[PDB]
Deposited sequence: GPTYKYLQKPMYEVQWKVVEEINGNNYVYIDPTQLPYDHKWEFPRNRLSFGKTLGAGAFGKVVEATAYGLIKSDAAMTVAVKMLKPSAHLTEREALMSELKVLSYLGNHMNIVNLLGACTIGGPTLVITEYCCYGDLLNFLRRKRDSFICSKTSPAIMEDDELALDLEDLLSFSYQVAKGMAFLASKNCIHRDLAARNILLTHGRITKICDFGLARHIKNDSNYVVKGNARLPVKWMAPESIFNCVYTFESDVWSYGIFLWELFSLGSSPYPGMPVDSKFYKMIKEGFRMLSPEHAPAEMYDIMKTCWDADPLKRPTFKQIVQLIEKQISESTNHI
């Protein structure tokens, strides 16, 4: 009754059927990633674009291990993706299958896989510095787009950036298609397993996920990136001591390969006051103005 202005979230809202696509026009292939309850699969879609009779795509789907909770999560993801719109630097929705079977969410296939692996298998023969400047600019633009659509990414990290042609990087939601009890980057806090080393303190202590929370993670991502795929706070486990250190204001030092301008952005992203952190729009404009330096 009170407060007549109610924000409507695209999750709670009709599924637009312009996305629906015949499940008899998909051929599933090798799995690309799986969690306990879901998986992303490589596939061929026939007649998805009138120019490409057969294009490789990725399909997100649940495993028969999955309950009602998961089935709704996948539909929410589909709905969310359906409202975002397209941008070069995210993985885009191509279509879905809801009628006549389990829900299938069809998105872009990114042939070069994810950025962390790429960075690590390349740590030796060091792809060079300019590619790394390019990736951080592109990820910034992609976060700026998500933020202009009022959207937050609650797991920004090199392991969720994918690589495709034209040297393009794309931000990705891996939800459900990743097993986190097996990954030490995810650690128990409260009920959940979270990526706390990528998380802003206000997110860890006060459970607040703002737009500036993402900017912190972007900072950890830059460190991740210029370290060529190393872990954040390398060697140190997440525990009482860590939380205390983050709270007191201790920060990581510059990676050996970060130019001075980037570490500079890193540091401001990690300001304890969220309000002193740059926005993604500012990061993008900063990288563009300083590109010749």
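Unmodelled regions (deposited sequence positions with no C-alpha coordinates, counted from 1) are 1-22, 149-164, 332-336.
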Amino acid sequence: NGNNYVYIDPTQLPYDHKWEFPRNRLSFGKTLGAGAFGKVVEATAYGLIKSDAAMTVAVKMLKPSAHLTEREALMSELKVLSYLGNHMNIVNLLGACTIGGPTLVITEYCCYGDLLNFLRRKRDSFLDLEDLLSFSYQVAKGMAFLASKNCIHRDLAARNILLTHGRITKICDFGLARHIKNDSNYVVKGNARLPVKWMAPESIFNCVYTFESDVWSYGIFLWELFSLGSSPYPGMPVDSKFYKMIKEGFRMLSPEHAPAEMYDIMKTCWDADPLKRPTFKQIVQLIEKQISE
From here on, numbers count along this sequence of modelled residues.
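In this entry, 110-118 shows the higher mean Cα temperature factor of the pair 138-146 and 110-118. Here 68-76 and 191-199 are compared by their mean Cα B-factor, and 68-76 comes out higher.
When the C-alpha B-factors of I168, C172, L94, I180 are read from the PDB record, the largest value belongs to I180.
The top Cα temperature factor in the record, among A258, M266, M252, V40, falls on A258. In the PDB entry, a CA B factor belonging to the lowest third of its chain's modelled residues is recorded for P232. Among all modelled residues in its chain, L127 ranks in the highest third by Cα B-factor. Ranked by C-alpha B-factor against the other modelled residues of its chain, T98 falls in the highest third.
Per-chain ranking of the deposited C-alpha B factor places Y209 in the highest third. Per-chain ranking of the deposited C-alpha B factor places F21 in the middle third.
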